[PDB]
Amino acid sequence: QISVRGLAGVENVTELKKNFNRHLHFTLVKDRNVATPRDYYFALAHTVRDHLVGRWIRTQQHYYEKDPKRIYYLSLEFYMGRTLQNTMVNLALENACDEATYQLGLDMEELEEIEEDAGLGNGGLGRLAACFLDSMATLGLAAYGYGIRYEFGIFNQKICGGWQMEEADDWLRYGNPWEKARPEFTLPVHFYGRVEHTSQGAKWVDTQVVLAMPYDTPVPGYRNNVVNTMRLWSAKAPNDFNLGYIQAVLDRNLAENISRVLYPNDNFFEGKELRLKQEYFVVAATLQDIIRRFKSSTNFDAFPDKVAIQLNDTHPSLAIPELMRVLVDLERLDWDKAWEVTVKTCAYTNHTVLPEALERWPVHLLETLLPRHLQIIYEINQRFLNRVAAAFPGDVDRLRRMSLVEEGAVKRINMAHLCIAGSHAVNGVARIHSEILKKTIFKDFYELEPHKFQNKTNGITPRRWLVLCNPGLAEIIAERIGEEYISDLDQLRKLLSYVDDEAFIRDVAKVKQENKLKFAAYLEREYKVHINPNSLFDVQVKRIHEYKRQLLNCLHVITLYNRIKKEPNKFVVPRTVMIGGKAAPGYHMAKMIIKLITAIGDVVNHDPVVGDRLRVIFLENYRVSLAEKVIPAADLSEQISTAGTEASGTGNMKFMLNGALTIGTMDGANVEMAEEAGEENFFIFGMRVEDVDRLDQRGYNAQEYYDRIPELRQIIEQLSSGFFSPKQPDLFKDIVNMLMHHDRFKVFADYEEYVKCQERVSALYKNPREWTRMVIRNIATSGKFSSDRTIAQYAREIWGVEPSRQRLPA
Ligand SMILES: OCc1cn([C@@H]2O[C@H](CO)[C@@H](O)[C@H](O)[C@H]2O)nn1
């Protein structure tokens, strides 16, 4: 059908069709009289998978022969989403499979919808890992993603009576055609036990053993024949585990619970033992695998030359003391040499400055679970603090501040401090974030070792986030500038020369309209909700969090509603306000915010005076597959976190690439986005980081805003009195109380500027031509935010490896 989707040659189409029928028969054990759409999906998935394996085997053979430096990306989350279309895109099979299935009398897009998301992540951090894997493969790096194969990923969100309900994401029930179990490479992982000191050093003994079984998933590069591996560990009990008899077998679940479920927290630390076990489990199994591969090339001086370990947040921070443990206790290296190797091998990416998100493990947990690691952390700390003391003599406050061990009622290990000490590089994820790190929470460390601190602004893969989810836009762009931009997104700058091109303006606007119609149809079909596709699609999709300020969006929505109710017969630009995202199950305020959104919808969507001029939709079960649908459909991207709180954001970048304008604070990567596009082409509002600091200094008083803004008063009075909850007038008391008395994120302080800025948005939307021209200016300058750029920077500035667009033999 379209060019970017590749060739549909007669030879390939015929070959795909026969292998499809082969898999349906031999693999699925079905005939075409009993086969369901799901069977057809699996037959296609198996057919496409076959095309990966040849390239997968030869890529891994290529690495064995060339022995390049290997990159190990350690993450507790990989938010992969669906794999079928991505695989087709990267192998140039999309049109051929489209043709092959059509000739079999099947709609491929229908089959694509059957695939479950691999939802092994919470949001941005897990999705960043997924984009990174894609870019590393596309840039020909010898890279391995290492994580946990959760049996249950991020919960499926059901909305019931306006409330979030969670259900288990049983993503593996029908099987996962993409993974290959590798039980032959199963590794033991040790827990508990005790430390014994001998003549020949420390020994970790009397441990409980849990087996780590790897499952390998192929990660194809974009049309370069590179297929890298994501290896995910599954917890298995040893066969002599607890070996009355029946109970001992049933108690195997205790061990295997380690890989059972993803902790559903976004940007929030829950100090639970099971989570710590997960963190060590991935680290211990991964490091053995790394060392095994390294030895299969005794001399650990070359370890840092052949290995890079990237810590995605502090979650895999135990890699540092674990590497030390292995080098010192098992390989018998002296401390100093082991430490040198460790530091040069490890690098740490920080993703947050929110205090509640920072990992601080109680010493008593580490003492019981990982007694040798605690000893190593203590020794790391002492030697590190000796360096601090030597650099800043007499500065006893600094010593306390920089210690890996935090004092208090419960002693804790600050994992971020551990990571900085044991890494040669520490990076933030957007320029403003990296600067905040050096100025605030890691200031002491930056003063001690300024060379360690870097920025690596986040990115998104233009394969998934343009070509896959927005083929129409990919195509109209390719018509003008060719296909090279897909793996060289900076080429989108060439589109600046088309900003006054009447054909291009029409096409850009046509593609958006088509996307909106398709999404309006999706909503009716799958959720039975009526929306006006001519309205401005105003969308905020991301995890529900106070810092992300879905509440500020809510206030604006109510403002628009109240203004309509006051002047019913005045013209307002029609809007469909879509808000979606999951709340962590234990996050009460976030669950209340979801209820508020639906409560507002229940009032607004049924007011006859409003008509179709304002609709409020809560998008249920927001996830990667839903993002791929709603983002291409968006006109306005809400990126309205309090300045200084959203480390980068990546949703922002997705919207920019897909032809939405951005309303946002100068937070995270929004700053760089506005810088790239030009501030004129962004809807920037609200406090900057410095304004937030000034407000904190004099004290934030929400009442002041309430007293001085009548429109804001009205909303709060509406919330308090039960306007949006008549049967439970006090339902939103917690929300109002928080807003009025303990709002850490200063919702009210940005309200006026936000509403005003939103008026500027509506004004521009009234002029379709100028809206689209600004859209073109955004798409055209979104090149910097390709994860190919990000990964190339990691490669050159941290990992010490050169990216390559050179193709491997097919
Ligand atoms: O554990 C802290 C954390 C941070 N994050 C998110 O990481 C993303 C990827 O770097 C960022 O874009 C986002 O700003 C951050 O909140 N998720 N969890």
# chains A, B, ... in the order shown; residues from 1 in each chain; ligands from 1
call {"tool": "residues_near_ligand", "arguments": {"ligand": "ligand 1", "cutoff": "7 Å", "atoms": "only C-alpha atoms and all ligand atoms", "output": "PyMOL selection string"}}
result
chain A and resi 123-125+128+266-268+313+351-352+357-358+429+458+646-650+668
call {"tool": "residues_around", "arguments": {"residues": "residue 589 (chain A)", "least_positions_apart": "2", "cutoff": "8 Å", "atoms": "only C-alpha atoms", "output": "ChimeraX atom specification"}}
result
/A:546,587,591-593,734-735
call {"tool": "closest_residue", "arguments": {"among": "A:420, A:508, A:211, A:92", "to": "residue 348 (chain A)", "atoms": "only C-alpha atoms"}}
result
A:420
call {"tool": "select_by_dssp", "arguments": {"residues": "region 312-508 of chain A", "states": "helix (DSSP H, G or I)", "output": "PyMOL selection string"}}
result
chain A and resi 319-330+335-345+355-357+363-369+371-391+396-402+415-421+431-439+443-448+450-452+463-468+471-481+484-487+489-498+502-508
call {"tool": "closest_residue", "arguments": {"among": "A:595, A:360, A:688, A:746", "to": "residue 165 (chain A)", "atoms": "only C-alpha atoms"}}
result
A:595
call {"tool": "closest_residue", "arguments": {"among": "A:187, A:129, A:37, A:148", "to": "residue 105 (chain A)", "atoms": "only C-alpha atoms"}}
result
A:37
call {"tool": "closest_residue", "arguments": {"among": "A:25, A:530, A:512, A:433", "to": "residue 630 (chain A)", "atoms": "only C-alpha atoms"}}
result
A:512
call {"tool": "closest_residue", "arguments": {"among": "A:628, A:657, A:293, A:189", "to": "residue 477 (chain A)", "atoms": "only C-alpha atoms"}}
result
A:657
call {"tool": "residues_around", "arguments": {"residues": "residue 495 (chain A)", "least_positions_apart": "2", "cutoff": "9 Å", "atoms": "only C-alpha atoms", "output": "ChimeraX atom specification"}}
result
/A:477,480-481,491-493,497-499,776-777,779-781
call {"tool": "write_last_selection", "arguments": {"atoms": "N, CA and C atoms", "output": "tab-separated table (two decimals), in the first residue's frame"}}
result
chain	number	residue	atom	x	y	z
A	477	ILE	N	5.93	12.36	4.82
A	477	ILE	CA	7.29	12.85	5.05
A	477	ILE	C	8.27	12.20	4.07
A	480	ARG	N	8.55	13.53	0.51
A	480	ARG	CA	9.33	14.76	0.34
A	480	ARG	C	10.83	14.56	0.51
A	481	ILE	N	11.23	13.84	1.56
A	481	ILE	CA	12.65	13.79	1.93
A	481	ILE	C	13.28	12.39	1.91
A	491	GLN	N	17.28	14.51	9.92
A	491	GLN	CA	16.88	14.86	8.56
A	491	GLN	C	15.49	15.48	8.47
A	492	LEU	N	14.67	15.28	9.50
A	492	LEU	CA	13.36	15.94	9.57
A	492	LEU	C	13.47	17.47	9.48
A	493	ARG	N	14.64	18.03	9.78
A	493	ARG	CA	14.89	19.47	9.59
A	493	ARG	C	14.60	19.93	8.17
A	497	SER	N	11.72	23.53	5.00
A	497	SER	CA	11.58	24.12	3.67
A	497	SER	C	10.20	23.85	3.05
A	498	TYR	N	9.33	23.17	3.79
A	498	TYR	CA	7.97	22.85	3.33
A	498	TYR	C	6.89	23.50	4.19
A	499	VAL	N	7.31	24.38	5.10
A	499	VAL	CA	6.40	25.04	6.04
A	499	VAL	C	5.40	25.97	5.32
A	776	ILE	N	4.21	21.66	11.75
A	776	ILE	CA	5.35	21.34	10.89
A	776	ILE	C	6.67	21.80	11.50
A	777	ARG	N	6.67	22.97	12.13
A	777	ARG	CA	7.87	23.47	12.80
A	777	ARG	C	8.29	22.57	13.97
A	779	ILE	N	7.42	19.00	14.26
A	779	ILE	CA	7.86	17.74	13.66
A	779	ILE	C	9.27	17.89	13.08
A	780	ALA	N	9.50	19.01	12.41
A	780	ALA	CA	10.76	19.27	11.72
A	780	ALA	C	11.97	19.40	12.64
A	781	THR	N	11.74	19.78	13.89
A	781	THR	CA	12.82	19.99	14.87
A	781	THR	C	12.84	18.93	15.99
call {"tool": "atom_distance", "arguments": {"atom1": "CA of residue 427 (chain A)", "atom2": "CA of residue 455 (chain A)"}}
result
5.0 Å
call {"tool": "residues_around", "arguments": {"residues": "residue 692 (chain A)", "least_positions_apart": "2", "cutoff": "9 Å", "atoms": "only C-alpha atoms", "output": "list in words"}}
result
residues 642, 643, 644, 687, 688, 689, 690, 694, 695, 696, 697 and 746 of chain A
call {"tool": "write_last_selection", "arguments": {"atoms": "C-alpha atoms", "output": "CSV table (one decimal), in the first residue's frame"}}
result
chain,number,residue,atom,x,y,z
A,642,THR,CA,5.7,21.4,38.2
A,643,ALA,CA,9.0,22.8,37.1
A,644,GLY,CA,11.9,20.6,38.5
A,687,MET,CA,6.8,28.9,37.0
A,688,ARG,CA,10.3,28.0,36.0
A,689,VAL,CA,12.4,26.0,38.5
A,690,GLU,CA,13.7,29.3,40.0
A,694,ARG,CA,11.4,31.5,45.3
A,695,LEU,CA,7.9,30.4,46.3
A,696,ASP,CA,9.3,27.6,48.6
A,697,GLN,CA,11.6,30.2,50.2
A,746,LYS,CA,1.7,24.2,43.6
call {"tool": "atom_distance", "arguments": {"atom1": "CA of residue 594 (chain A)", "atom2": "CA of residue 563 (chain A)"}}
result
23.1 Å
call {"tool": "atom_distance", "arguments": {"atom1": "CA of residue 707 (chain A)", "atom2": "CA of residue 615 (chain A)"}}
result
29.0 Å
call {"tool": "select_by_dssp", "arguments": {"residues": "region 117-302 of chain A", "states": "strand (DSSP E or B)", "output": "number ranges by chain"}}
result
A: 118-120, 143-148, 152, 156-160, 163-167, 180-181, 187-191, 194-198, 201-205, 208-220, 227-236, 261
call {"tool": "closest_residue", "arguments": {"among": "A:381, A:515, A:234, A:198", "to": "residue 399 (chain A)", "atoms": "only C-alpha atoms"}}
result
A:381
call {"tool": "decode", "arguments": {"residues": "region 24-54 of chain A", "atoms": "N, CA, C and O atoms", "output": "compact mmCIF listing (two decimals), in the first residue's frame"}}
result
# COMPACT_ATOMS: atom_id res chain seq x y z
N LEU A 24 0.28 -22.73 10.97
CA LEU A 24 -1.10 -22.96 11.36
C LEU A 24 -1.35 -24.46 11.56
O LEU A 24 -2.05 -24.87 12.50
N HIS A 25 -0.76 -25.27 10.68
CA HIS A 25 -0.97 -26.70 10.68
C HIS A 25 -0.08 -27.39 11.71
O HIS A 25 -0.58 -28.02 12.64
N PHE A 26 1.23 -27.24 11.55
CA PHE A 26 2.20 -27.95 12.37
C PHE A 26 2.45 -27.35 13.76
O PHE A 26 2.68 -28.08 14.72
N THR A 27 2.40 -26.03 13.86
CA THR A 27 2.74 -25.36 15.12
C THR A 27 1.51 -25.19 16.00
O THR A 27 1.55 -25.50 17.19
N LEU A 28 0.43 -24.71 15.41
CA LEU A 28 -0.78 -24.45 16.17
C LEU A 28 -1.71 -25.65 16.23
O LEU A 28 -2.63 -25.69 17.05
N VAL A 29 -1.43 -26.64 15.38
CA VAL A 29 -2.26 -27.85 15.24
C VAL A 29 -3.72 -27.45 15.03
O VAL A 29 -4.60 -27.80 15.81
N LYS A 30 -3.94 -26.67 13.97
CA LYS A 30 -5.27 -26.20 13.59
C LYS A 30 -5.45 -26.35 12.08
O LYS A 30 -4.47 -26.38 11.33
N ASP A 31 -6.70 -26.47 11.64
CA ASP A 31 -7.04 -26.30 10.23
C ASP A 31 -7.85 -25.02 10.11
O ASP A 31 -8.27 -24.46 11.13
N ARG A 32 -8.08 -24.56 8.88
CA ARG A 32 -8.77 -23.29 8.64
C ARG A 32 -10.28 -23.31 8.93
O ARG A 32 -10.95 -22.29 8.78
N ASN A 33 -10.79 -24.46 9.37
CA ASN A 33 -12.20 -24.56 9.76
C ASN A 33 -12.41 -24.35 11.26
O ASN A 33 -13.51 -24.01 11.70
N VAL A 34 -11.35 -24.57 12.04
CA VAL A 34 -11.41 -24.39 13.49
C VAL A 34 -10.64 -23.16 13.97
O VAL A 34 -10.84 -22.68 15.09
N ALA A 35 -9.76 -22.64 13.10
CA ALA A 35 -8.90 -21.51 13.44
C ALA A 35 -9.69 -20.25 13.76
O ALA A 35 -10.68 -19.92 13.09
N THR A 36 -9.25 -19.55 14.81
CA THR A 36 -9.83 -18.28 15.21
C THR A 36 -8.84 -17.18 14.87
O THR A 36 -7.68 -17.48 14.54
N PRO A 37 -9.27 -15.90 14.92
CA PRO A 37 -8.33 -14.81 14.68
C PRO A 37 -7.04 -14.92 15.50
O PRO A 37 -5.97 -14.58 15.00
N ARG A 38 -7.14 -15.40 16.75
CA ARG A 38 -5.95 -15.57 17.60
C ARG A 38 -4.98 -16.59 17.02
O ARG A 38 -3.76 -16.38 17.06
N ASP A 39 -5.51 -17.69 16.49
CA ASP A 39 -4.70 -18.70 15.82
C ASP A 39 -3.97 -18.09 14.63
O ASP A 39 -2.79 -18.34 14.42
N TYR A 40 -4.69 -17.26 13.88
CA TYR A 40 -4.11 -16.57 12.73
C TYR A 40 -3.00 -15.62 13.15
O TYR A 40 -1.96 -15.57 12.50
N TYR A 41 -3.22 -14.87 14.23
CA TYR A 41 -2.17 -14.04 14.80
C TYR A 41 -0.90 -14.85 15.10
O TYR A 41 0.20 -14.46 14.70
N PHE A 42 -1.06 -15.96 15.82
CA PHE A 42 0.10 -16.78 16.19
C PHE A 42 0.80 -17.37 14.98
O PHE A 42 2.03 -17.48 14.96
N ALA A 43 0.03 -17.75 13.96
CA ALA A 43 0.61 -18.28 12.73
C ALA A 43 1.46 -17.20 12.07
O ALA A 43 2.57 -17.47 11.63
N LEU A 44 0.94 -15.97 12.03
CA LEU A 44 1.71 -14.85 11.49
C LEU A 44 2.94 -14.56 12.36
O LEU A 44 4.04 -14.44 11.85
N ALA A 45 2.74 -14.50 13.68
CA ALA A 45 3.86 -14.24 14.61
C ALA A 45 4.97 -15.27 14.44
O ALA A 45 6.15 -14.91 14.38
N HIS A 46 4.61 -16.54 14.35
CA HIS A 46 5.60 -17.59 14.12
C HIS A 46 6.29 -17.45 12.77
O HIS A 46 7.49 -17.68 12.66
N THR A 47 5.54 -17.03 11.76
CA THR A 47 6.07 -16.85 10.41
C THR A 47 7.10 -15.71 10.39
O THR A 47 8.19 -15.85 9.83
N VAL A 48 6.76 -14.60 11.02
CA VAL A 48 7.65 -13.44 11.12
C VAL A 48 8.86 -13.76 12.01
O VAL A 48 9.99 -13.37 11.70
N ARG A 49 8.62 -14.46 13.11
CA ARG A 49 9.69 -14.90 14.00
C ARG A 49 10.76 -15.71 13.28
O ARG A 49 11.94 -15.53 13.54
N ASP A 50 10.34 -16.59 12.37
CA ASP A 50 11.29 -17.39 11.58
C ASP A 50 12.33 -16.50 10.89
O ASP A 50 13.52 -16.84 10.85
N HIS A 51 11.89 -15.36 10.38
CA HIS A 51 12.79 -14.41 9.70
C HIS A 51 13.82 -13.76 10.62
O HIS A 51 14.86 -13.29 10.15
N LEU A 52 13.54 -13.74 11.91
CA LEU A 52 14.46 -13.20 12.91
C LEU A 52 15.63 -14.13 13.21
O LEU A 52 16.77 -13.68 13.35
N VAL A 53 15.34 -15.42 13.33
CA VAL A 53 16.28 -16.37 13.95
C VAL A 53 17.60 -16.51 13.21
O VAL A 53 18.66 -16.57 13.83
N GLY A 54 17.54 -16.54 11.88
CA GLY A 54 18.74 -16.62 11.07
C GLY A 54 19.65 -15.46 11.38
O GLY A 54 20.83 -15.65 11.68
